[PDB]
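Asks: Input: one structure, supplied below.
All Cβ positions, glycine included, derive from the backbone under ideal geometry; neighbour counts span all protein chains shown. What follows draws every value from the coordinates through simple rules; no lab data is involved.
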Amino acid sequence: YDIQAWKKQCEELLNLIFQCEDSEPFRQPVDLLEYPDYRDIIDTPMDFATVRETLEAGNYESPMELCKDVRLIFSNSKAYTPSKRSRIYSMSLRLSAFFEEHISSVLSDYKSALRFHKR
Ligand SMILES: O=C(NCC1CC1)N1CCN(C(=O)c2ccco2)CC1
C-alpha cells in the first residue's frame, strides 16, 4: 500500500524500455530537417527522454500521468505513419505491448494504495 512505489517502478520500466532496440526511434524528439512536416501532423511531441526527465523532475503526480504521456508517444507514431506496415510504427506497436504489459501492475498497485489510504 506504498503510495510512492510507482515512481521507482516507472524508473525501472523506463530503463527496460531504453534497453529495448524497439525504443530507438522514441528516445529523443523528431528532427524537422529529417521529417519537415512532423509538426503539421503532431500537435504535442513526446518521447521517452522527456518522460524520464518529467519523472525525475518530480513533475508527475501519479503513474496515470506518466502513462498518458507514454501513450502519446505511441499515438503520435500511429498518426504520423504513412503505413501500418512502416518500420518505426511496427516498432511502436511492439514497444506499446511491452509497456502495457508492465504498467498494468504499477497502475493497479498505485490505485489500490490510494484507496487504502482513503479507506
Ligand atoms: O525521428 C524520429 N525519432 C527520433 C530519431 C530516432 C532518433 N521519429 C520517431 C517518431 N516517428 C514516427 O513515429 C514515425 C512513424 C512512421 C515513421 O516515423 C517519426 C520519426
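Asks: Working only within segment 101-114, note down all residues that are among the hydrophobic types (A, V, I, L, M, F, W, C) and either buried (at least 18 other Cβ atoms within 10 Å of the Cβ) or within 11 Å of the ligand (Cβ to nearest atom) (or both).
Replies: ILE103, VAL106 - these are the residues of segment 101-114 that are among the hydrophobic types (A, V, I, L, M, F, W, C) and either buried (at least 18 other Cβ atoms within 10 Å of the Cβ) or within 11 Å of the ligand (Cβ to nearest atom) (or both).
Asks: Quickly run through segment 84-100 and pick out the residues that are within 8 Å of the ligand (Cβ to nearest atom) and either crowded, with 16+ Cβ neighbours inside 10 Å or not hydrophobic (A, V, I, L, M, F, W, C) (or both).
Replies: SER86, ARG87, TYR89, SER92
Asks: Within segment 2-29, can you find the residues that are under 12 Å from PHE48 (Cα atoms) and either basic (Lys, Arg) or within 7 Å of the ligand (Cβ to nearest atom) (or both)?
Replies: Once the filter is applied, which keeps residues that are under 12 Å from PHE48 (Cα atoms) and either basic (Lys, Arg) or within 7 Å of the ligand (Cβ to nearest atom) (or both), segment 2-29 yields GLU24, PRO25, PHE26, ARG27, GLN28, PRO29.
Asks: Something else: Filter the helices (runs of 4 or more DSSP H) completely within segment 1-98 down to those with at least 3 residues that are under 23 Å from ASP109 (Cβ atoms).
Replies: 5-19, 48-56, 63-80
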